[PDB]
There are 2 protein chains.
Amino acid sequence: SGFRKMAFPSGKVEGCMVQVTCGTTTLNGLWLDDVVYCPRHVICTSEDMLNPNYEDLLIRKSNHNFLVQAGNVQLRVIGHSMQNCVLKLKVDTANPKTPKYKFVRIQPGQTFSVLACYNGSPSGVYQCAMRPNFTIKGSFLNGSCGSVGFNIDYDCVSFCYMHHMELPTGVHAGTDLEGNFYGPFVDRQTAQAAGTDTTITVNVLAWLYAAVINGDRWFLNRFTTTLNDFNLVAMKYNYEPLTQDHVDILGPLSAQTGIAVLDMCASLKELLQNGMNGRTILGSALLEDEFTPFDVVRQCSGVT
Amino acid sequence: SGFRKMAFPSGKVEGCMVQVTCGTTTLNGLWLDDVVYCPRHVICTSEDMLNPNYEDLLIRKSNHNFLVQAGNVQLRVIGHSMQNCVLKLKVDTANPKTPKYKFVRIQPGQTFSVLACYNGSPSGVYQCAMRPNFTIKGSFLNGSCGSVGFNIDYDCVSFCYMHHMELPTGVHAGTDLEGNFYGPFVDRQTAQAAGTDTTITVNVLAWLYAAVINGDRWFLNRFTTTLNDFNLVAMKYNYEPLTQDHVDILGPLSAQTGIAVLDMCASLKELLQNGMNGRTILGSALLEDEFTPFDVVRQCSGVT
Ligand SMILES: O=C(Nc1cnccc1CO)[C@@H]1COc2ccc(Cl)cc21
Ligand SMILES: O=C(Nc1cnccc1CO)[C@@H]1COc2ccc(Cl)cc21
């Protein structure tokens, strides 16, 4: 009973957080095995962030300039390299708390948990979606750079995001763990356009299924629609066009509830065209798109 | 930049979760030092839950009937006692992962994080408020009993909630860590009235301050109100009456933003009387009451 915006338990990731300091800049690093990963802009001053030449800035740094600390534990840096927008600091000690892990580049519309950190110390955990425009709407202040996003599949942490920047619009941008930005962003203090964003249709439908499962059913109607008709409505309301691949991933929810995917699309069509009429769905007065169909299945079945 | 419903990092609590089995019933326990705490209904069958005589049911149980497991680790039970609605199982080994901790009974309107667990394994973490009627609107399925709610103040975990029951309305009830229920509830399968609930006014005001801090300002107006006038509106809309104690705790947010508490009350008054007019505040289309003023200060300053 009930449905919440749930994050993965963060313990496995907390054990990996370290503080990295280079010169006067301090941010967070991720210590996995004998490597610490962090945003390459740890090597910049504020003066450098205008248009940093990272290759030249890194050439002025030696292993001993990267101060890495995990609480009392001071790590000895024996190598450094830049890969895209991340620095990889080789340390002489493998992290004893390294969980089973993978580095994954997530697709837009997928969800993940963020462990917000400051000075290498975890402050909170929240779940969010990678927007279709490759930004995330997080909660990050100065010092949060290097905080990571992840998913967990039994004992394996799949790291998918490392925080780098807040855009002038207040939304967030970052990279995968190989240092490649999600979206068109560059690690420089310049105003940068985030694309037109859309609502993640398949996630809204998944959440409507979660609502029916939990007893919020008022939005179910006597109608049906087609993918074509539904996509005309999706385009009008800036929703992602629904494909057969999205219908296929909604199969388990359709099977469990007995509500055909296109019938749920007709409920979503009516909600887009008429609004919620002052009512709520799972405690929300808007259509929620931060739950994937897999998240709904996991939460509704009790997966650990 | 940004404001999210953030939970505390759950690692310190994950290290305390164990599975407790008595007969055919399995639920979660909390292993702190050499004691495992769990709901006393672990000693019931479904047949017993109608009107259990817990004293008589526990008399039929010996230490060896309580099977406590923490992954591979099997714990040896050397004592058992019932305190209110919790069982305390003394084990021969202190939990090496016991964090610094306290047991606290929270007040209605306070917030905390829940680590939802099944079979002693953590599945997710979310933040919620203890409703003014002493229920919580969580996400719990069968097997989640014994999952705990907590807050963290630097290195100290204050445990405040242990999950026991889902009411027929789909809301949740549980106890403090001394086994005293929050609210009028009893651990028996009988339909039980949860009181009339109200919206946590001081938390809505705190969240409006968080909104202004983050740039959502459209709801600020040219008006002011008084505590008396505001409380007539609060009563009409089923909000908690605002007191000077609530105004006092909003002091830091008022000081930081320069918006007097009674001016923010006039914005809240206009939102109650006129609705949101199809607009949103911090990504919500309703007035959010699950952030306390302390939560807003912590999140807006970056506390670890
Ligand atoms: O954005 C930043 N930090 C930040 C991140 N998240 C949240 C807040 C902040 C600073 O208030 C810094 C300041 O400007 C740049 C430009 C490029 C990069 Cl890669 C990083 C930064
Ligand atoms: O409520 C329960 N479990 C539960 C909790 N949270 C979520 C779901 C469930 C079961 O679906 C069980 C079944 O009925 C009773 C009556 C009294 C108590 Cl103390 C416990 C229980």
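One-based numbering, in listed order, for ligands and for the atoms of each. Chain identifiers are assigned alphabetically (A, B, ...) following the order of the sequence lines, protein sequences preceding nucleic acid strands; residue numbering begins at 1 within each chain.
With a 6.0 Å cutoff to the six-membered ring centre and a 45° limit on the axis angle, A/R105 does not count as a cation-pi contact of A/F103.
For A/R217, there are no side chain to side chain donor-acceptor pair (under 3.5 Å) partners two or more places apart in sequence or in a different chain.
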List ligand 1's nitrogen or oxygen atoms that come under 3.5 Å of a protein nitrogen or oxygen, with the partner atom and distance.
| from | atom 1 | to | atom 2 | distance (Å) |
| --- | --- | --- | --- | --- |
| ligand 1 | 1 (O) | A/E166 | N | 3.1 |
| ligand 1 | 6 (N) | A/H163 | NE2 | 2.8 |
| ligand 1 | 11 (O) | A/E166 | OE2 | 2.9 |

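For A/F150 and A/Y161, the gap between ring centers reaches or exceeds 6.0 Å.
Residues A/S1 and B/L141 form no side-chain contact, since every pair of their non-hydrogen atoms from C-beta on lies 4.5 Å or further apart.
Side chain of B/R188 to main chain of B/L50: a donor-acceptor pair is present (N/O by atom type, distance under 3.5 Å, no hydrogens or angles).
Aromatic ring orientation, A/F66 versus A/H80: tilted (interplanar angle from 30° to 60°).
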